[PDB]
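Some notes on the structure that comes next.
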Amino acid sequence: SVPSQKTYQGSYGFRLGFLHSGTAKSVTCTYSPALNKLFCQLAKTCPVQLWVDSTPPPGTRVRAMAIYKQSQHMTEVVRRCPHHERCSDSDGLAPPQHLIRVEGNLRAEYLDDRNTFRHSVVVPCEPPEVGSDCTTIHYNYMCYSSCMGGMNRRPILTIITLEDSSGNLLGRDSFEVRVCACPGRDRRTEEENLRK
Ligand SMILES: CCN(CC)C1CCN(Cc2cc(C#CCOc3ccccc3)cc(I)c2O)CC1
Ligand SMILES: [Zn+2]
């Protein structure tokens, strides 16, 4: 089955936010609002903001999952390729098969769904650091979009869900991802293709 990707702010007014990192050739992570698409280098830090209008209950969690964007591929589980799943770049918590990791959160949990076989990573939803207006999660993507035997050039979406302590839906947002060598150039290219 295919998880829903419908944007849903829910009772707490949940939505994501992204930094404005620009498109210099050296940039390692950059988000395009026009494309709703994050471009990032392999295994590099991707800051994703969580914004709410009101405080969700203690025990609320935030889950990330990848799916293929194209209709003809949506039913296939997104996983790391046969090379990367074996490169022993473990952080001690993430299964080596999982495309999406949360970086630097000891409370991260990784799920292999018993029915759909899909992978996800979930962390507690926490209030912002003192002085801040939103909470930031740092994600890593552990294969290139081009990895043979993995994503194999097929575009993916990351779905972020706000969940209660039982796993029930409280909110949902999503964005496309391209993991590539030169996120700055690729964002510029794709934005120009869109303008054309
Ligand atoms: C005054 C401005 N107004 C927005 C208009 C508020 C700003 C303050 N924020 C608080 C806030 C809580 C949370 C959370 C949580 C669950 O854990 C809890 C742990 C302990 C206690 C409660 C919850 C996540 C986020 I992201 C977040 O912004 C809520 C919105
Ligand atoms: Zn790979």
Side-chain angles (χ1 to χ4, degrees), residues 1-21 29-40 46-79 94 98-103 105 107-129 132-141 145 151 154-179 187 190-191 194:
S1 62
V2 184
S4 179
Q5 63 187 78
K6 181 174 182 175
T7 297
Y8 173 54
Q9 289 209 347
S11 300
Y12 306 105
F14 173 74
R15 71 279 185 184
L16 305 175
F18 298 86
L19 304 175
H20 304 274
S21 302
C29 180
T30 187
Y31 174 76
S32 173
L35 298 164
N36 185 34
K37 184 168 181 167
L38 186 70
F39 296 79
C40 62
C46 300
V48 176
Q49 301 175 338
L50 312 176
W51 290 88
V52 295
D53 289 332
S54 58
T55 301
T60 302
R61 300 210 288 178
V62 183
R63 183 178 308 273
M65 184 183 287
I67 68 167
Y68 289 110
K69 178 184 180 188
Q70 298 162 300
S71 178
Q72 64 276 12
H73 297 299
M74 296 177 341
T75 61
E76 177 176 337
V77 173
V78 178
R79 61 170 58 259
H98 281 218
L99 178 68
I100 305 174
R101 301 188 183 168
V102 169
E103 190 174 13
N105 190 326
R107 293 198 288 169
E109 296 178 8
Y110 291 83
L111 175 64
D112 301 315
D113 192 288
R114 184 173 185 168
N115 302 132
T116 69
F117 301 96
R118 295 183 187 272
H119 304 158
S120 61
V121 56
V122 58
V123 292
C125 182
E126 306 166 350
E129 301 300 299
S132 289
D133 294 323
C134 70
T135 292
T136 296
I137 302 181
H138 296 120
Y139 290 108
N140 298 156
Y141 293 84
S145 290
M151 290 183 283
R154 299 172 291 177
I156 61 167
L157 310 174
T158 296
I159 303 166
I160 305 295
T161 50
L162 191 68
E163 298 180 344
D164 71 18
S165 59
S166 292
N168 302 304
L169 180 71
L170 302 175
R172 193 190 297 107
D173 203 343
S174 65
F175 54 98
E176 185 172 343
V177 181
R178 171 174 174 79
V179 189
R187 174 177 169 199
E190 296 190 24
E191 288 189 354
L194 181 63

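For reference, positions follow the sequence shown, starting with 1.
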Can you list, pair by pair, the side-chain donor-acceptor contacts under 3.5 Å of residues 49-58, counting residues two or more places apart and other chains?
residue, atom, partner, partner atom, Å
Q49, OE1, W51, NE1, 2.9
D53, OD1, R15, NH1, 2.9

Between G171 and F14, the two heavy atoms sitting closest are C-CD2, 3.9 Å
Which atoms form the tightest heavy-atom contact between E176 and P155, and what is the distance? OE2-CB, 3.5 Å
Taking the side chain as C-beta and beyond, is there a heavy-atom pair between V122 and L111 under 4.5 Å? no
Given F117 and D112, is the side-chain contact (heavy atoms from CB on, under 4.5 Å) satisfied, shown in steps? CA-CA 6 Å; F117 301 96; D112 301 315; over 6 Å; no
In Å and rounded to the nearest 0.5 Å, what is the CD1 to OH distance from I100 to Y110? 9.5 Å
Of all residues at least two apart in sequence or in a different chain, which pass the side-chain hydrogen bond (donor to acceptor under 3.5 Å, both in side chains) check with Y12? none
Would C29 and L38 count as a side-chain contact (heavy atoms from CB on, under 4.5 Å) here? Give the steps. CA-CA 7 Å; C29 180; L38 186 70; 3.7 Å; yes
With sequence neighbours left out, what residues match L35 under side chain to side chain contact (heavy atoms under 4.5 Å, CB included)? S32, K37, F39, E190, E191, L194
Atom NE2 of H73 and atom CD of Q70: how far apart are they, to the nearest 0.5 Å? 5.0 Å
Residues two or more places apart in sequence or in another chain: which of them pass side-chain hydrogen bond (donor to acceptor under 3.5 Å, both in side chains) with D164? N168
Pairwise salt bridge (charged side-chain N to carboxylate O under 4.0 Å, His left out) hits with a residue in residues 55-66, at least two apart: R61-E109, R63-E163
Value for CE (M74) from CZ (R154), rounded to nearest 0.5 Å, stands at 12.5 Å
Who pairs with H138 by side chain to side chain contact (heavy atoms under 4.5 Å, CB included), at least two apart in sequence or on another chain? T45, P47, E103, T136
Between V2 and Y68, is the side-chain contact (heavy atoms from CB on, under 4.5 Å) condition met? List the steps. CA-CA 9 Å; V2 184; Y68 289 110; over 6 Å; no
Closest non-hydrogen contact found for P127 with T135 is C-OG1, 3.4 Å
So OG of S174 and CD1 of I156: to nearest 0.5 Å the spacing works out to 11.5 Å
Closest heavy-atom pair and its distance - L162, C125: CD1-SG, 4.0 Å
When rounded to the nearest 0.5 angstrom, what is the spacing between CG in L16 and CD1 in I137? 8.5 Å
Return the set of residues passing side chain to side chain contact (heavy atoms under 4.5 Å, CB included) with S4 (not counting sequence neighbours), or none when no residue passes. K6, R172
Check the surroundings of atom CD in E129: do more than 12 heavy atoms from other residues, nucleotides or ligands lie under 6.0 Å from it? no
Just by distance, no angles: are the side chains of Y139 and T158 close enough, under 3.5 Å, to form a donor-acceptor pair? no
Tell me, please, which residues at least two apart from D133 pass side-chain hydrogen bond (donor to acceptor under 3.5 Å, both in side chains). none
Counterpart residues, side chain to side chain contact (heavy atoms under 4.5 Å, CB included), relative to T116 (two or more places apart): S1, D113, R118
All ring-ring contact (aromatic ring centres under 6.0 Å, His included) counterparts of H119, not counting sequence neighbours: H98
Distance (rounded to the nearest 0.5 Å) between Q5 CD and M65 CE: 12.5 Å
So, using ring-ring contact (aromatic ring centres under 6.0 Å, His included) as the criterion, who are the partners of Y8 when residues are at least two apart? none
Not counting sequence neighbours, which residues clear ring-ring contact (aromatic ring centres under 6.0 Å, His included) with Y31? List them please. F18
Atom of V121, atom of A108 and distance for their closest heavy-atom approach: CG2-CB, 4.2 Å
